[PDB]
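*Asks:* Sequence order for the protein chains is G, I, H, D and F. Numbered per the entry's author numbering, the first sequence finishes at 178, counting up by one with no gaps. Numbered per the entry's author numbering, the second sequence finishes at 151, counting up by one with no gaps. Numbered per the entry's author numbering, the third sequence finishes at 52, counting up by one with no gaps. Numbered per the entry's author numbering, the fourth sequence finishes at 555, counting up by one with no gaps. Numbered per the entry's author numbering, the fifth sequence finishes at 234, counting up by one with no gaps. Don't be surprised by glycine CBs; every beta carbon is placed ideally from N, CA and C.
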Amino acid sequence: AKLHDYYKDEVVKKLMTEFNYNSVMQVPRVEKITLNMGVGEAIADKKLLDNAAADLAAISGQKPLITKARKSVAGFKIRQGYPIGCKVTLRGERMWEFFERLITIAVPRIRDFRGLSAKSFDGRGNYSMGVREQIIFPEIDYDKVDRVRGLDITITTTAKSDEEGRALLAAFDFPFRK
Amino acid sequence: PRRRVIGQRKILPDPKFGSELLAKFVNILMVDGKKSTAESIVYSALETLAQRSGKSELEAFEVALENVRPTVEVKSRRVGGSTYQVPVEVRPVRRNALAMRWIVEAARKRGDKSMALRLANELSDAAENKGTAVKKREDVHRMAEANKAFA
Amino acid sequence: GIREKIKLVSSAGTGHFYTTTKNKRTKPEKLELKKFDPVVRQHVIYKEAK
Amino acid sequence: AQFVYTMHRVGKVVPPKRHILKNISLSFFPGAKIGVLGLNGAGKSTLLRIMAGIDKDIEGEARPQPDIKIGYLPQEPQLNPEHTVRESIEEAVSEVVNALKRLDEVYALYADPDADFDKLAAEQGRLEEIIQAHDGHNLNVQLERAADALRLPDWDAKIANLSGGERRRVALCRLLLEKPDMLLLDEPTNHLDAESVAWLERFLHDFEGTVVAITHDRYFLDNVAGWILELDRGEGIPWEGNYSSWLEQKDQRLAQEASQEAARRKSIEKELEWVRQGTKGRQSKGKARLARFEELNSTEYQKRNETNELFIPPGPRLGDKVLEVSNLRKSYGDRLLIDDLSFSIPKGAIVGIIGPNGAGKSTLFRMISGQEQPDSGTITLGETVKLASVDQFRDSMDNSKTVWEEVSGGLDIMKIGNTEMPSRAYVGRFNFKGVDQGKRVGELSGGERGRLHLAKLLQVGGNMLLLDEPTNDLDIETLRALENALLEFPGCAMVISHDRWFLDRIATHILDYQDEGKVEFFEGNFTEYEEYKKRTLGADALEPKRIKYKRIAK
Amino acid sequence: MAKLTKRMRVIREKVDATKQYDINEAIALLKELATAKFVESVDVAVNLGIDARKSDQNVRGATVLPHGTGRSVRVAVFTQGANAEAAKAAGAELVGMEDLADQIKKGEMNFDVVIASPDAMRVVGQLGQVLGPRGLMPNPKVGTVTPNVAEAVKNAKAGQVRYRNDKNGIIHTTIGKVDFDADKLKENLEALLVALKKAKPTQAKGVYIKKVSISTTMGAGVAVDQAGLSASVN
RNA sequence: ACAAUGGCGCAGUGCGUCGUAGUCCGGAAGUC
RNA sequence: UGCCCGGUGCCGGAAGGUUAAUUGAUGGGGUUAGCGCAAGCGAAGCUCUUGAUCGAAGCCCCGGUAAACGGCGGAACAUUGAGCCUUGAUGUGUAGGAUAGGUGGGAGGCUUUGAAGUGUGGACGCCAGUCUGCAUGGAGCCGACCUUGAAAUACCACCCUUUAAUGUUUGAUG
RNA sequence: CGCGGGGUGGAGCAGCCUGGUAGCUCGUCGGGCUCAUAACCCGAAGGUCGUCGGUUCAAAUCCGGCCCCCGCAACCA
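1) When the Cα atoms are used, what is the spatial distance from F:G135 to D:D476?
2) Using three-state DSSP, classify D:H135 as helix, strand or coil.
3) Just to make sure I have the definition right: I need the residues of chain D whose C-beta is within less than 7 Å of the C-beta of I:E138. Which are they?
4) Using a beta-carbon distance cut-off of less than 8 Å, what residues from the stretch 134-148 of chain F approach chain D?
5) What does D:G410 reach in chain G if we use C-beta pairs closer than 8 Å?
6) Determine, using beta carbons only, whether D:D207 comes closer than 9 Å to chain F.
7) So what does D:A214 bridge to, in DSSP terms?
8) Using 9 Å as the threshold, is the C-beta distance between D:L144 and D:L178 below it?
9) Would you kindly check if the distance between the Cβ of I:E105 and the Cβ of I:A133 is under 9 Å?
10) According to the Cβ coordinates, are I:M100 and I:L65 closer than 9 Å?
11) What whole-angstrom Cβ distance do F:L48 and F:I171 have, given they're in contact under 8 Å?
12) Comparing the C-beta of D:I414 with each C-beta of chain G, is any distance below 9 Å?
13) Mind checking D:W275: buried by the 16 CB within 10 Å criterion, or exposed?
14) Return the CA-CA distance between D:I59 and D:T300, expressed in angstroms with no decimal places.
15) So, is the C-beta of D:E407 closer than 9 Å to a C-beta in chain G?
16) Give a yes or no on whether 9 Å exceeds the smallest Cβ distance from I:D112 to chain D.
17) Can you look up D:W228 in the DSSP assignment and give me helix, strand or coil?
18) Check for me: the beta strand (DSSP E) holding D:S401 runs from which residue to which?
19) Let's test the definition: count the other Cβ atoms within 10 Å of the Cβ of I:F150 and tell me whether it reaches 16, buried, or not, exposed.
20) Report the residue ranges of all alpha helix (DSSP H) runs contained in full by the stretch 354-391 of chain D; include only those spanning at least 4 residues, in chain order.
21) According to the Cβ coordinates, are D:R441 and D:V408 closer than 9 Å?
22) Residues of chain F with a CB under 8 Å from the CB of D:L177: which are they?
23) At a Cβ cut of 8 Å, what residues of the stretch 411-442 of chain D count as close to chain G, listed as they run along the chain?
24) Measure the alpha-carbon distance for G:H4 versus G:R132 and round it to whole angstroms.
25) Hey, could you find the ends of the alpha helix (DSSP H) D:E521 is sitting in?
26) To be precise: take each residue of the stretch 391-403 of chain D, compare its Cβ to all Cβ atoms of chain H, and keep it if any distance is under 8 Å. Which residues remain?
27) Just checking: is the beta-carbon of H:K52 within a distance shorter than 9 Å of some beta-carbon in chain D?
28) Suppose the cutoff is 6 Å on Cβ atoms and the five residues either side in sequence are ignored; what does the same chain contact list for D:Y108 look like?
29) Output the distance between the C-alpha atoms of D:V326 and D:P347, rounded to the nearest integer angstrom.
30) What separation, rounded to the nearest whole angstrom, lies between the Cα atoms of D:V11 and D:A226?
31) Skipping 5 residues on each side, what residues in its chain have a beta carbon closer than 6 Å to that of G:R124?
32) Can you give the beta carbon distance from F:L65 to F:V161, rounded, assuming they're within the 8 Å contact cut?
33) For D:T381, count neighbouring C-beta atoms within 10 Å of its own C-beta (all shown protein chains included) and say buried if the count is 16 or more, exposed if not.
34) Going by C-alpha to C-alpha distance, which of G:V145, G:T154, G:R111 sits closest to G:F98?
35) Out of F:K105, F:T146, F:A116, F:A89, which one is the CA nearest neighbour of F:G132?
36) Taking only beta carbons into account, state which residues of the stretch 71-84 of chain G come closer than 8 Å to chain D, listed in chain order.
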């Protein structure tokens, strides 16, 4: 709803004219954002994953994709095709929607956070980070969830450098209020 | 002691009705040496029975006294290097002494929220013959009936 | 072991059967398929199993 | 003829288990009252499913007399959820009621100007032959009054709200109006109350042409009970009589047989062991080692299910007050189930619950589990109390699911109550070896479907058990197992029974549902209630009423 | 139920008890063993092989026998409406619009033949299940309700007999009185036997008679060897 | 110490609270 | 001149288990008087097949045995089942206490006493009722019953079952 | 060289043909009963199942590969 527009006009031209590019397609556009929870819910309990699923589906408007283990591990017993966690890939609408909610409300509510963190880059231009306590989102509370989990995030973007990604991040609005 | 054994020593009366069966009843029920907190919950147990049931307060402990009272008991009698359990008929003096104790032990064991509550349960189940006190007695009965063979 | 031999009986055509195998180890259910009937000269549901 | 039913070399081969019935050759004659006995997996319910014609995938010939009507009564009847009157009228008098309705149309047609009088008079002949051939019919007040005398719920009541015995007693009363001549029936003693068991005993005992059932009660085996068909290696052994000393003899016949077989095998192994040292090998190395071991030396299978036994999960640690009911009242329409009922259950307490089928016992459970509310009065549970409910209605998702999967829910690791453990090892503590786990719910015996049921609902943790009719589907070695398990559990349970020993195990307290809105609570073992009952009886003796005649004799 | 009383034992001890005889001999015995009670009516109780449990034989019906049965040929019609509209010409003996069979517990018996109609039978007579302790109330079990009342009445007046098998194959039937001539009696007997041959057992063994028992309203009965195709009656 | 013959507050006692819980218990342990 | 009866051999016992010849019951099949244009159904008699019923020794089992082979570590009659009658007795799956199997006959009695009542002995917990011995009594109970039910029970055939007694027939043992 | 059995806590053994729980006796340890020591009572600890890897989802078990101890045979000349 909100961030979508602030991205098109203000953010995009700011990055353009820091790398002095002449094409507006050489500007990073966010591509997707992944919501993995895989804290082993389905290794000792099939329905705890069903739960976990529903909880990602409350913040995203629709059911998630159930993830699965890709080979045999001896030290955790599991096998290829075995459920073990759940993702929700977000492109478009739901990306925006989430992105907003997140930075705006959630990012203040991160433990002892008060500035900027833009040092975690893949090599291409892509950003990730974790979530220890899931209740930091505006619609997830402890007086709503049955027991608390974390989860983690993978922000993909058409950047070709970490100069690029690193700037993108700082050009967004962290307001320090609820 | 084997020479200077003696019987009961002067119990202090019931404050309310004056019965020295009730006097004993209270005595027994106390713990940590307080008659007050005892007799307090006792009268409460009587009232709740005489209320619910509708019966006199009198017959609420006197036909409870009759149905918890035993008639035979089980003596584990070692008789040399051998040992046999034998019955004998319980001594009249002891016979309702035992009764009143057991009605206090029954409510201590058999649950509910408070001891006056637990006892106003047993005071029913006494006189009806199914109670936790009733059980004790319907147990030393079976167990003097198998050993009836030896004596 | 030996995957069991059933004899799949017909009920709009032949009075006989076609012959095949199935795993009864994992199917207590009675087998049915469309197999071709020379008496009717048409394909048809075949039924019945061991 | 003498053969009312006859059997020629009948068998059944199940290659996962063992051969479950073999070479059954029996002849069933008029007047005989036969109980078919044996363990789970002895094939006793299957032998009756064969004679009823339900199961016909067998070797040999299972053959009924050509003029008999044959009645069969399963453990879970085919009555639809529909109403009591509608299901009672359905498979019995329908064929006669349709003939009586066409016969009324023919009456109406005799007064119609265009009806064909000659075809009306032939339809009337073929109708009156049907109504006479059937003989009985719906009638004005009979079946309806007979069902009320035999105390069944409302004629406008729903068959789906009706519990084990009632639903079976309707099914039976119906079945009997449909096919009388020979009775084939599937452990009829389990889940049918005192006045219904005394009724069943009387009826079976007076019966014509014959009776073939199953039982797990020592009173049945003394009163009905002319002949005993023992099933256990898949062979049938009819024995004429008798009394509970035969059961004791059977236990001693198997202990002798198992030990004599175990010695013959061991005896053979010492001779086999030397052989290598310097025989020629000759007939022993082939006949002994290859042929005898695995198949011939493998008779000890049925006796081994006795020491697999069974398990109940113990509680989560829990306080002194578990359940508090005060002045509870509950009714269904016009029928008062519960009225001013008060009790508190202490920790370590095992509460036995007695009285008729449909007295209101499951409706208490439903109020405790919040699927009902008190009409009047109150039910308060402790805060940390977790419930584990076991019904009469033991239905499930599908019949082609494995034992392990139905219990595990597709988990290798289960959180059983407050504690993690491997699922396969948990499912086995209910008597299930790896080949019995891999079998399907439709394949299983009732007694295996019983251990299966308990193994499933007990995974949520054994904190407060609400068990309705535990003995229901069980075979006697699974009955010993449940009892042994229960002797080691801590308690916090409210349990039903009808079985005297099982009652003796489950009381440290009694809830006796006596009459409409009369439910009595007493605190003690069933032996204590018994001494109290004998004291009431004493006083009842002097009082003149013909009520006391039933406590005296039948 | 009560069974074989002192009065029957003693009457039987005077002339004869439980044996089969030629039809001429039996009837002579029965006639004189009669006691009184009231002037001697003969009825016959015919045991044959039944496939009646499965209605694969007609031995519950009613047919006209050549001479008018009983002592008076007594007919009552339970009927209503457009069926006995067409018995206007012919005439029903007695019309019960609902209520007409009720005299029995006042010491009063009265019908040879109860004719019933399709509108009436649904009201009155449709519970044929129990009529106890006698079978006289009108029932589905002998069946054939009226297509018009007219023809049914004409048949009954002429001499129609209502017969059922009991339960196990005894077919009780009124032949007539003992005052009827040997030749008039013979005919009814012969008639009941051809009525059964028509209606054969299909696989109750081919037997149309087994044991013939014979009776009168008061005396004591005797059994016949054969009653139908042998010669004469008296 | 583990507790309502009690705990806390305004030996015993008067009120009021907590209602059987590892709690307003005890000072984690502990259910005598 | 000791220890071993688990093995192999044997002896003593058969309650149960398995079990021959014998016996040939039931089911199934063939034929076709006959039913039907009719498809197809099929009696009787004759056969083709299956093998209820009985049934032992052996064998499993139970008890012994090593101066057995060997091994000695790490024609009558008594009793008693069953097939037919014959002669009785309950006939209760819903009310109705129940004796309401079910149909026909059928409204008044000999059953020379059959009253019935009062009481005795047995039978049914349907012990109201009747069944069924014997004393008083040489005399009519009982049918709107009393009562419910759609139906009510006088009184004669008689139906089969649970079962009893006589006549038996038969199979067993002794 | 040729055949095969058994390696399970400190000792001596079960489990193993049915792969998902390592069970028993004695000793040991801690607490009691003795003035002290045996016995006795209560409670607990100790095991890569001789190993190495394999099929399997998973091996004390089923299958192989090494290190051991004990048996059988070594004969017609």
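*Replies:* Working from what's here:
1) In a straight line, the C-alpha of F:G135 is about 50 Å away from that of D:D476.
2) Three-state result, D:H135: helix.
3) What I:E138 touches in chain D, judged by beta-carbon distance under 7 Å, is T528, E529, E532, going in chain order.
4) Against chain D - using a Cβ distance shorter than 8 Å - the residues of the stretch 134-148 of chain F are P140, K141, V142, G143, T144, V145, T146, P147, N148.
5) The contacting residues are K46, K47.
6) Not a single CB atom of chain F sits nearer than 9 Å to the CB of D:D207.
7) The partner list for D:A214 (beta bridge, DSSP) reads D:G36.
8) For D:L144 and D:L178, yes; Cβs fall inside 9 Å.
9) Contact: yes.
10) Between I:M100 and I:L65, the C-beta spacing is below 9 Å.
11) Yes, F:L48 and F:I171 are in contact; Cβ-Cβ is about 6 Å, under 8 Å.
12) Judged by the 9 Å Cβ criterion, D:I414 is in contact with chain G.
13) Label assigned to D:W275: exposed.
14) Looking at the two C-alpha atoms, the distance is approximately 22 Å.
15) Closer than 9 Å to the CB of D:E407 there is not a single CB belonging to chain G.
16) Closer than 9 Å to some Cβ of chain D, the Cβ of I:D112 qualifies, so yes.
17) Here DSSP, grouped into helix, strand and coil, assigns D:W228 to strand.
18) In the DSSP assignment, D:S401 falls outside any beta strand (DSSP E), carrying neither H nor E.
19) It counts as exposed.
20) Listed in chain order, the complete alpha helix (DSSP H) runs (minimum 4 residues) inside the stretch 354-391 of chain D are 362-369.
21) Going by C-beta atoms, D:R441 is not nearer than 9 Å to D:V408.
22) For D:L177, none of the residues of chain F pass the 8 Å Cβ criterion, the least Cβ distance being about 16 Å.
23) Closer than 8 Å at the C-beta level to chain G, one finds these residues of the stretch 411-442 of chain D: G411, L412, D413, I414, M415, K416, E421.
24) Rounded to whole angstroms, G:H4 to G:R132 spans 27 Å at the Cα level.
25) Run containing D:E521: none in the alpha helix (DSSP H); it sits in the beta strand (DSSP E), 519-524.
26) Along the stretch 391-403 of chain D, the positions whose C-beta sits under 8 Å from a C-beta of chain H are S401, read in chain order.
27) Closer than 9 Å to some Cβ of chain D, the Cβ of H:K52 qualifies, so yes.
28) By the criterion of a C-beta distance shorter than 6 Å, D:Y108 is surrounded by no residue of its chain, once the five residues flanking it on both sides are discounted.
29) Spanning the two alpha carbons is a distance of roughly 12 Å.
30) Distance from the CA of D:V11 to the CA of D:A226, rounded to the nearest whole angstrom, comes to 24 Å.
31) Scanning its chain for C-beta atoms nearer than 6 Å, with the 5 sequence neighbours on each side dropped, one finds no residue around G:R124.
32) The pair is a contact, with the Cβ atoms about 5 Å apart (cut-off 8 Å).
33) A residue is called buried when at least 16 other Cβ atoms come within 10 angstroms of its Cβ; D:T381 does not meet this threshold and is exposed.
34) Measuring from the Cα of G:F98, the nearest candidate turns out to be G:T154.
35) Taking F:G132 as reference, the option from F:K105, F:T146, F:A116, F:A89 with the minimal CA-CA separation is F:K105.
36) Those residues of the stretch 71-84 of chain G that come within reach of chain D (Cβ to Cβ, closer than 8 Å) are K77.
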